[PDB]
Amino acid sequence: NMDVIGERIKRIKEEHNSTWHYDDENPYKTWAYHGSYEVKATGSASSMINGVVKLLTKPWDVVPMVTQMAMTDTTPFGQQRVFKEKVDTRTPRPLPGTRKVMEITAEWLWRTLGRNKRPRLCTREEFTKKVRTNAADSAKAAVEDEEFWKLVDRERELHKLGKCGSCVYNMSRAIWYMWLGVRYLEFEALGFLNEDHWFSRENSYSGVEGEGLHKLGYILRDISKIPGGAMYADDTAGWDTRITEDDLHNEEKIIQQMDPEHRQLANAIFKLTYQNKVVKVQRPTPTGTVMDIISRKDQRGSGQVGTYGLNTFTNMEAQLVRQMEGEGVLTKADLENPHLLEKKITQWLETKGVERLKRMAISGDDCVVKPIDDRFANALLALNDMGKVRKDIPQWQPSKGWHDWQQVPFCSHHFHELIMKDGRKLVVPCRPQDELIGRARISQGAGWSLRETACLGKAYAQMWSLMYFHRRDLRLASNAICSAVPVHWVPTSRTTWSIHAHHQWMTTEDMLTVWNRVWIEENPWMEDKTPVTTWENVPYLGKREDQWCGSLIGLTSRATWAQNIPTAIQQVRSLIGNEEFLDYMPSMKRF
């Protein structure tokens, strides 16, 4: 193994030979530990609070979930704890028949996915345009420096020679350039999966990439119309730690459809950075803080360019195999059998595969499957054997499915069908309200001025106006925040890193106009394009559903807060200073 990772370690060792040592009291059990070197402590024990959101959400000061979200440990102690819990484990190898089914399915799935699209190299200008339009950090400084691109070219030349010298994954500028350069080369070779939307619903059938949170509920309602059994949505315990050497070799098969110059570079990413990896992890010690250099041959690096697409691919593959077992195509004898008959697997894929892909919604490790019947609930032999063991359930206990698409969890949400005052139907995303308020109250980092804080608050408020307007507390809070923040201040910083976020709220455009564009105009499931001219005609969940999903409506603390909210808005306004504000409260029946 040292012939693939040796150069990378040698470079770290030489760069840090001042403090380099072999700490023989390292906690690594399943990862190969190479050595340590002293570093400054990174991360925080708690998170900075957004004072603007906090001052306008007083009844949530006494909410346990809200308080918990303000915590989250990112220090060396925090990193080490989570590492021990999941990351430091070994997945038993799948049986020979299981490996054969996975291989046949992976081959057919890659050909299906590549039927209209062809893989291609991503460029320096694509990465630059992304880094720019995202930041509008020190990544933009690297992208602007020609010296960064020269290091990129030098690493690429090693990659063409089947070698790696600096591509290290992380759990002054030279160390930073090497990380961003590793991510650029990964983007260059595998970015086409995201950039050319290989996992869009039109291309992949099961996929939802590029669809957006505002479309997922509509997709789940469409799946519910397909005849079959219940809708299943099983969670895998630590999916990324369950990616096997067999899964990686199956994912690699995409290189067969590439141009030779592209195949060479993607092969280097697969063989040197995915199937072999050098990882940096911070660890506290009595002496101080050290960086451990570790390695392994399996699992997925969660921060990588290809992670989402390759998890989506492998999960679509694992769900087709579970569907086959449910249908009696795959038996216990077949999974143990090295000489398993390929014919019936190939016949099922070619005649039923695509129809079976359409019964699913798959986003990385998140899946929803509507099998042809409920034998699937008890079809666990292949799922467990592939290493995709379901979270917090005995291994052989049958899965519990849902007979209502509205009860189905998917991508940290559930979805409600609403009836508007004009009789039109809307399908909206939803989650427990404490999680929404709890997140909005967290600002990211330190040294943030009241201006930047108010603008992040405005971004959260506007995200709620577009996605979660159907929650009474969030519409009130959203209007209060937008009334407290100067009208012309542009929402800055992101509210989420979610691939499902299209960030329509990142604007100073009127939110009712944006609402109309998203839910009416561009909405494929909205036949009648009549605009909604007032927020008074923008619907809410039924009062009972709003309460079931965490609303404080009907509580006295909530009525007190609503009644006294112009006072809290005025307090925020007075501290922000003499700027132009707009009273958004009259857009509600209360004012």
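For clarity, a rigid core is taken as the largest C-alpha set superposing within 1.5 Å between two forms. The numbering used is simple: start at 1 and walk along the sequence shown.
Core-fitted comparison in 7 other deposited structures of this protein shows that, between 400 to 408 and 173 to 181, the CA atoms farther from the shown form belong to 173 to 181.
Across the other entries compared, at least a third leave residue 136 without coordinates even though the residues on each side are present.
Where coordinates are absent for parts of the deposited sequence, a chain break appears; between neighbours residue 171 and residue 172 it spans 10 or more residues. Missing deposited residues between residue 490 and residue 491: none, as the chain runs unbroken there. Stretch comparison (417 to 425 versus 100 to 108) by mean CA B-factor in the PDB entry places 417 to 425 on top. For the pair 141 to 149 and 221 to 229, the mean B factor over Cα atoms is greater in 141 to 149. The entry assigns its greatest Cα B factor, within the set 465, 133, 264, 319, to 133. Residue-level inspection of the entry shows that, of 518, 180, 411, 436, 180 has the top Cα B-factor. Split the chain's modelled residues into thirds by C-alpha temperature factor. Residue 538 is in the middle one. For residue 37, the recorded CA B-factor ranks within the highest third of the chain. Only modelled residues enter the ranking. Among all modelled residues in this chain, the alpha-carbon of residue 530 has a temperature factor (C-alpha) in the middle third. Ranked by Cα temperature factor within the chain, residue 260 sits in the middle third according to the deposited record. Ranked by Cα temperature factor within the chain, residue 270 sits in the middle third according to the deposited record.
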